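One line per chain: the protein sequences are R, B and E, in this order. UniProt numbering puts the first residue of the first sequence at 5, with every later residue one more than the last. UniProt numbering puts the first residue of the second sequence at 22, with every later residue one more than the last. UniProt numbering puts the first residue of the third sequence at 208, with every later residue one more than the last. Using N, Cα and C, we set each Cβ at its ideal position, and we do this for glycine too.
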Amino acid sequence: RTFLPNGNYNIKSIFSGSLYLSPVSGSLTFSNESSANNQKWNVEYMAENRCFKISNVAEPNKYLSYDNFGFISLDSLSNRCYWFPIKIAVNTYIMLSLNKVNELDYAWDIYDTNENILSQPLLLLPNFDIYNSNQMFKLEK
Amino acid sequence: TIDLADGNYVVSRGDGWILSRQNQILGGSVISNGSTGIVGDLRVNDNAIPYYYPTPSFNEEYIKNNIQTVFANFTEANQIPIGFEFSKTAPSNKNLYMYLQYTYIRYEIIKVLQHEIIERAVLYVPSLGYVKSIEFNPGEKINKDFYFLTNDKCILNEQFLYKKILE
Amino acid sequence: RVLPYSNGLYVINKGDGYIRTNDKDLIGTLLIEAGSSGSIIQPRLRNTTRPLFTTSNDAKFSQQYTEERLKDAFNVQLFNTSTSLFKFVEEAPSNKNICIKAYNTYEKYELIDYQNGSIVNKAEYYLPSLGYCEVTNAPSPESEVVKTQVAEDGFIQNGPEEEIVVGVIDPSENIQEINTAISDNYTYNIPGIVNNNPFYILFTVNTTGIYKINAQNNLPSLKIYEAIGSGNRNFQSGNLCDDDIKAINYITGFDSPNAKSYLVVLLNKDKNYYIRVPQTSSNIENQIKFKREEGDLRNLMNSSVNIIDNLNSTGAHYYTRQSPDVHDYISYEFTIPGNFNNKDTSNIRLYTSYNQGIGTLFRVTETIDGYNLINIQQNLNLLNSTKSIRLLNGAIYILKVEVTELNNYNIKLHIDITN
Numbered sequence: 005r006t007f008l009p010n011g012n013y014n015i016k017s018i019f020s021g022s023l024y025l026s027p028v029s030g031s032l033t034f035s036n037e038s039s040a041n042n043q044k045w046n047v048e049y050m051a052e053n054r055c056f057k058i059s060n061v062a063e064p065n066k067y068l069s070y071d072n073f074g075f076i077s078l079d080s081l082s083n084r085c086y087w088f089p090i091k092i093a094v095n096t097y098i099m100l101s102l103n104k105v106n107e108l109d110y111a112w113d114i115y116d117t118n119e120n121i122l123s124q125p126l127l128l129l130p131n132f133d134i135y136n137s138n139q140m141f142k143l144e145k
Numbered sequence: 022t023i024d025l026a027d028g029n030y031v032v033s034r035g036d037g038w039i040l041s042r043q044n045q046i047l048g049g050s051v052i053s054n055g056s057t058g059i060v061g062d063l064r065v066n067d068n069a070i071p072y073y074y075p076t077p078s079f080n081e082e083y084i085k086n087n088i089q090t091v092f093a094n095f096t097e098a099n100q101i102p103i104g105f106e107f108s109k110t111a112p113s114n115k116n117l118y119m120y121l122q123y124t125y126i127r128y129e130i131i132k133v134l135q136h137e138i139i140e141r142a143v144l145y146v147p148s149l150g151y152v153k154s155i156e157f158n159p160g161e162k163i164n165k166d167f168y169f170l171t172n173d174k175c176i177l178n179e180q181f182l183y184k185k186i187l188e
Numbered sequence: 208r209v210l211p212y213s214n215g216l217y218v219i220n221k222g223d224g225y226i227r228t229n230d231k232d233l234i235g236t237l238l239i240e241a242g243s244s245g246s247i248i249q250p251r252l253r254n255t256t257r258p259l260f261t262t263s264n265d266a267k268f269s270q271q272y273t274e275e276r277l278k279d280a281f282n283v284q285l286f287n288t289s290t291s292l293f294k295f296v297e298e299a300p301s302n303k304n305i306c307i308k309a310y311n312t313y314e315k316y317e318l319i320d321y322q323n324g325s326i327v328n329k330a331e332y333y334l335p336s337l338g339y340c341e342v343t344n345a346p347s348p349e350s351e352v353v354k355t356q357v358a359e360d361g362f363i364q365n366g367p368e369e370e371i372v373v374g375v376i377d378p379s380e381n382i383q384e385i386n387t388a389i390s391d392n393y394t395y396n397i398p399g400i401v402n403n404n405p406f407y408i409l410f411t412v413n414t415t416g417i418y419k420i421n422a423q424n425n426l427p428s429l430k431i432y433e434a435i436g437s438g439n440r441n442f443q444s445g446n447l448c449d450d451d452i453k454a455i456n457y458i459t460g461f462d463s464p465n466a467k468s469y470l471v472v473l474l475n476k477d478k479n480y481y482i483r484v485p486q487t488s489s490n491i492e493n494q495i496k497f498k499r500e501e502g503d504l505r506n507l508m509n510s511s512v513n514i515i516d517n518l519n520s521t522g523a524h525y526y527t528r529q530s531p532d533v534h535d536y537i538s539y540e541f542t543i544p545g546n547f548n549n550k551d552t553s554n555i556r557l558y559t560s561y562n563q564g565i566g567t568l569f570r571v572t573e574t575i576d577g578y579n580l581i582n583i584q585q586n587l588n589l590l591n592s593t594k595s596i597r598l599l600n601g602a603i604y605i606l607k608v609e610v611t612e613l614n615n616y617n618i619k620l621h622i623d624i625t626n
């Protein structure tokens with residue numbers, strides 16, 4: 005409780021309000037608010053792994069995960085679908101994958117040409133500190 | 022973590038225990054310039070009271086019975102009055118303060134399991150007393166430690182005299 | 208002179224050897240011819256003794272009560288009966304006569320309701336003590352006689368200077384107990400019977416450490432108290448034992464109604480602690496969460512962490528709270544107005560109007576395990592501080608303040624925000 009309570013969230017980049025996490029042709033990308041269930045993520049603390057899993061409300065047997073190419077993915081449940089969030093300011097988090105890649109952590113990251121992310125896929129890339137703008141994502145309601 | 026066989030033991034720590042916060046209850050006398058003070062006491066059935074700190078499994082009775090079988094039987098003994106007193110003479114330059122404090126024997130009874138003490142009940146039965154002197158000019162600040170015993174202690178050396186409680 | 212004390216009941220021992228003016232308390236002078244010796248004895252042929260007692264309120268601070276508070280504070284057994292006895296003896300030199308006079312005495316106890324900056328009630332209990340005696344050269348009986356007016360009724364102390372204070376459980380506040388020792392976590396429900404009144408929670412811990420204790424939603428604000436001399440005597444592993452101690456020592460916590468706070472305290476396995484939940488007021492159900500903190504939050508050790516949710520985008524803010532005493536801590540968890548760009552900033556000066564302190568500034572990151580304090584600024588000198596820092600909008604910070612000079616009962620902290 006208090007900290008990321010189970011429920012239905014929206015997921016943005018700090019690079020722009022007015023854009024939401026959504027799946028498209030099987031990638032995850034930030035897109036224009038559609039007020040629909042495609043953009044609503046159900047996030048569930050699983051106390052057995054002290055980590056959280058995140059399902060897509062409109063296809064809720066599919067969870068956020070990643071592939072052996074860089075990308076974050078929607079997939080059926082897997083240990084990869086487990087995430088270990090770090091809050092660093094109201095509603096903003098740096099999502100680390102629970103299980104470490106080599107000796108170093110990875111995170112959701114998203115590229116910006118100039119604080120612009122329009123057509124960009126969400127990927128999984130090494131993390132280091134709390135100071136990477138791209139690694140930062142905000143989860144509301 | 023104490024090296025004994027699993028079971029219940031009866032234990033005498035010292036004579037000479039004194040209790041948190043209880044210095045000065047009885048009062049104290051202040052005497053000046055090489056006169057002599059003599060404070061002392063007796064023992065009806067006030068001094069006589071023993072203080073029990075029991076646990077589940079070690080009820081008052083259990084404690085009483087079990088230490089009176091091994092050690093000084095007190096209920097019997099503290100019916101006959103016994104006295105004690107102290108006689109402090111002051112230096113001649115300055116004056117001094119002396120106060121009376123009751124000493125106790127510390128009995129306790131202990132459950133041991135795995136060379137470890139899982140449980141302890143405690144009985145303080147009153148022995149005699151003890152006075153503390155201190156010389157002072159008025160205004161002279163005194164150490165708070167002098168008037169206030171913050172945690173129970175033995176003013177003599179402790180001991181650990183023990184017997185296994187039988188089956 | 209400031210005398211911060213987390214409001215409630217206190218009994219003080221203002222000293223021994225007190226006597227009343229005009230020899231209301233003299234046993235008598237006897238005069239010893241050179242080369243004889245002479246004593247004056249209180250044998251306790253008869254036990255009964257008279258204490259003296261005076262109070263601001265009979266209704267609240269009745270002698271019976273103010274007696275019980277001495278039981279609470281020092282486990283005083285007898286109040287008007289001593290079996291303990293005293294005598295004074297003196298020998299005269301062979302040259303001159305001597306003469307010894309003896310006064311009865313009192314220890315002087317003070318009982319105090321110290322609510323919120325001032326003593327709102329006070330009793331003085333003069334407990335019969337064990338003597339004072341003066342030895343002087345025999346006065347020349349021809350010495351002239353000065354017509355001399357008696358003094359105002361009152362008291363003289365002949366014992367050494369003493370003032371030792373002891374907090375006591377307010378007998379009107381109930382005590383509830385947690386039989387099981389707290390381990391790593393524990394959540395406690397405020398029972399029915401407390402009826403939203405104030406009450407105390409007695410508990411202990413198993414392994415000694417730092418604990419965060421809050422109420423539901425860090426509200427109400429709590430205090431914690433160590434029980435003096437606890438945890439020698441009886442103990443049962445895993446559980447608590449009563450010990451029989453209502454004399455208590457304030458660790459930390461605010462008295463303020465409806466301030467949001469959580470306590471972070473060190474707790475030792477061989478001691479028992481009371482918590483003091485204040486009047487609940489609310490009809491909703493509340494809870495006291497005890498968590499053992501093994502993380503960065505130990506940095507706030509023996510602090511009450513004050514919560515500031517409410518900053519305006521810019522402007523002056525202040526937060527007045529009971530000041531801790533020199534070398535103790537008050538802390539402050541504040542989150543800065545504005546959305547979190549991670550590039551945006553607001554300018555933050557942290558002053559204090561009245562007492563000096565060493566401020567320590569941290570950024571807070573939170574993970575599923577606990578807070579993480581990243582270290583921002585050390586050694587900050589708060590008292591009317593010119594200084595400012597750019598902090599990150601929407602980020603969350605904690606200021607830990609060590610009081611250095613104590614100049615006023617309340618510590619008023621300012622957060623003056625500019626852009």
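- For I84 of chain B, name the three-state secondary structure that DSSP assigns. Position 63 of the second sequence holds residue 84 of chain B. Secondary structure at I84 of chain B: helix, using DSSP grouped into helix, strand and coil.
- Message: Here's the rule I'm using: 16 or more other beta-carbon atoms within 10 Å means buried, otherwise exposed. How should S350 of chain E be labelled?
- Response: For the purposes of this step, residue 350 of chain E is identified with residue 143 of the third sequence, where counting begins at 1. Per the 10 Å Cβ criterion, exposed.
- Task: Could you tell me which chain E residues have their CB closer than 9 Å to the CB of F157 of chain B, listed as they occur along the chain?
- Result: Indexing the second sequence from 1 puts residue 157 of chain B at position 136. By Cβ distance, chain E contributes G366, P367 and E368.
- Query: Is there contact here, the region 494 to 502 of chain E with the region 384 to 397 of chain E, by at least three beta-carbon pairs under 8 Å?
  - Reply: yes
- Using DSSP with H/G/I as helix, E/B as strand and the rest coil, what is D503 of chain E? By 1-based counting over the third sequence, the position of residue 503 of chain E is 296. Per DSSP, reduced to three states, the secondary structure at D503 of chain E is helical.
- Query: Should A454 of chain E go down as buried or exposed, given a rule of 16 or more other Cβ atoms within 10 Å for buried?
  - Reply: Locating residue 454 of chain E in the third sequence gives position 247, where the first residue counts as 1. Looking at its Cβ environment, which holds 16 or more other Cβ atoms inside 10 Å, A454 of chain E is buried.
- Message: Between residue 202 of chain E and chain B, is any beta-carbon pair separated by less than 8 Å?
- Response: Since the first residue shown for chain E is 208 and the last is 626, residue 202 of chain E is missing from the structure and cannot be characterised.
- Item | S31 of chain R versus R:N53, R:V94, R:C55 and R:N42, residue with shortest Cα-Cα distance | On the first sequence, residue 31 of chain R is found 27 positions in, with the first residue counted as 1. Closest by alpha carbon: R:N42.
- Given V209 of chain E as reference, the closest of E:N615, E:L334, E:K231 and E:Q443 once Cα atoms are compared: What you label residue 209 of chain E is simply residue 2 of the third sequence in a count that begins at 1. Minimum Cα distance to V209 of chain E is reached at E:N615.
- Message: I'd like to know if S50 of chain B contacts chain E, where contact means its C-beta is closer than 8 Å to some C-beta of that chain.
- Response: Locating residue 50 of chain B in the second sequence gives position 29, counting from the first residue. Chain E, which has a Cβ nearer than 8 Å to the Cβ of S50 of chain B, makes this yes.
- Message: If I follow the unbroken alpha helix (DSSP H) through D623 of chain E, where does it start and stop?
- Response: Residue mapping note: residue 623 of chain E aligns to position 416 of the third sequence, counting from 1. Per DSSP, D623 of chain E belongs to no alpha helix (DSSP H); it is in the beta strand (DSSP E), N617 to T625.
- Task: State yes or no: is the beta carbon of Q284 of chain E nearer than 8 Å to at least one beta carbon in chain B?
- Result: In the third sequence, counting from the first residue as 1, residue 284 of chain E sits at position 77. Closer than 8 Å: yes.
- Query: So which residues on chain E does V60 of chain B lean against when the C-beta distance must stay under 9 Å?
  - Reply: Taking the second sequence and counting its residues from 1, one reaches residue 60 of chain B at position 39. Result: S291, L292, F293, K294, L337 and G338.
- Query: If we cut at 8 Å on Cβ distances, does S154 of chain B have a partner in chain E?
  - Reply: Reading the second sequence from its first residue, position 133 is the one you call residue 154 of chain B. No, because no Cβ of chain E sits closer than 8 Å to the Cβ of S154 of chain B.
- Item | 4 or more residues per run - each alpha helix (DSSP H) lying fully within the region 373 to 425 of chain E | none
- Query: Do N311 of chain E and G224 of chain E come within 8 Å of each other at the CB atom, strictly closer than that value?
  - Reply: Reading the third sequence from its first residue, position 17 is the one you call residue 224 of chain E. Reading the third sequence from its first residue, position 104 is the one you call residue 311 of chain E. Against a cut-off of 8 Å, the Cβ pair of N311 of chain E and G224 of chain E comes out as no contact.
- Query: If we count the other Cβ atoms within 10 Å of its Cβ and call it buried at 16 or more, is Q486 of chain E buried or exposed?
  - Reply: Against the third sequence, residue 486 of chain E aligns to sequence position 279. Per the 10 Å Cβ criterion, exposed.
- Task: Let me know the secondary structure DSSP gives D166 of chain B once reduced to three states.
- Result: Locating residue 166 of chain B in the second sequence gives position 145, where the first residue counts as 1. In this structure, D166 of chain B counts as helix in the three-state DSSP scheme.
- Item | Beta-carbon spacing of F406 of chain E, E380 of chain E below 8 Å | As a first step, residue 406 of chain E is located in the third sequence; it is residue number 199 there, counting from the start. As a first step, residue 380 of chain E is located in the third sequence; it is residue number 173 there, counting from the start. Yes, they are a contact pair.
- Which residues in the same chain have their Cβ closer than 6 Å to the Cβ of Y70 of chain R, if we skip the five residues on either side of it in sequence? For the purposes of this step, residue 70 of chain R is taken as the residue at position 66 of the first sequence. Taken in chain order, the residues that qualify are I76, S77, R84 and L128.
- Message: Can you check whether the C-beta of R54 of chain R is within less than 8 Å of a C-beta belonging to chain E?
- Response: For the purposes of this step, residue 54 of chain R is taken as the residue at position 50 of the first sequence. Judged by the 8 Å Cβ criterion, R54 of chain R is in contact with chain E.
- Task: For my contact list, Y110 of chain R and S123 of chain R are in at a C-beta cut-off of 8 Å; report their separation, rounded to the angstrom.
- Result: Here residue 110 of chain R refers to the residue found at position 106 when the first sequence is read from its first residue. Here residue 123 of chain R refers to the residue found at position 119 when the first sequence is read from its first residue. Between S123 of chain R and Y110 of chain R the Cβ distance is about 22 Å, and since that is not below 8 Å, they are no contact.
- Task: Indicate, with yes or no, if the ligand GTP has a heavy atom lying under 7 Å from the CB of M50 of chain R.
- Result: For the ligand GTP, the structure offers nothing, since it holds no ligand at all.
- Message: Quick check: the Cα distance between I605 of chain E and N439 of chain E, rounded to an integer number of angstroms?
- Response: For the purposes of this step, residue 605 of chain E is identified with residue 398 of the third sequence, where counting begins at 1. For the purposes of this step, residue 439 of chain E is identified with residue 232 of the third sequence, where counting begins at 1. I605 of chain E and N439 of chain E have their C-alpha atoms some 37 Å from each other.
- Would you call the CB atoms of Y120 of chain B and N44 of chain B closer than 8 Å? For this step, residue 120 of chain B is matched to residue 99 along the second sequence. For this step, residue 44 of chain B is matched to residue 23 along the second sequence. Going by C-beta atoms, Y120 of chain B is nearer than 8 Å to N44 of chain B.
- How is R276 of chain E classed by DSSP in three states: helix, strand or coil? Numbered from its first residue, the third sequence carries residue 276 of chain E at position 69. Of the three classes helix, strand and coil, the one that applies to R276 of chain E here is helix, per DSSP.
- Item | Option in R:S82, R:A93 and R:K145 with minimal Cα separation from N103 of chain R | On the first sequence, residue 103 of chain R is found 99 positions in, with the first residue counted as 1. Measuring from the Cα of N103 of chain R, the nearest candidate turns out to be R:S82.
- Residue ranges of each beta strand (DSSP E) run of no fewer than 3 residues wholly in the region 56 to 109 of chain B, ordered along the chain? 57 to 62 and 72 to 74
- Query: Exposed or buried, what is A466 of chain E when buried is set at 16 or more other beta-carbons lying within 10 Å of its beta-carbon?
  - Reply: On the third sequence, residue 466 of chain E is found 259 positions in, with the first residue counted as 1. Looking at its Cβ environment, which holds 16 or more other Cβ atoms inside 10 Å, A466 of chain E is buried.
- Name the residues in the region 414 to 447 of chain E whose C-beta lies less than 7 Å from a C-beta of chain B; which are they? Within the region 414 to 447 of chain E, the qualifying residues are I435, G436, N439, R440, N441, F442, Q443 and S444.
- Query: Of all Cβ atoms in chain E, is any one closer than 8 Å to the Cβ of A111 of chain R?
  - Reply: Counted from its first residue, the first sequence places residue 111 of chain R at position 107. Not closer than 8 Å to any Cβ of chain E, the Cβ of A111 of chain R fails to qualify, so no.
- Query: In three-state terms, what does DSSP make of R208 of chain E?
  - Reply: Taking the third sequence and counting its residues from 1, one reaches residue 208 of chain E at position 1. Three-state result, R208 of chain E: coil.
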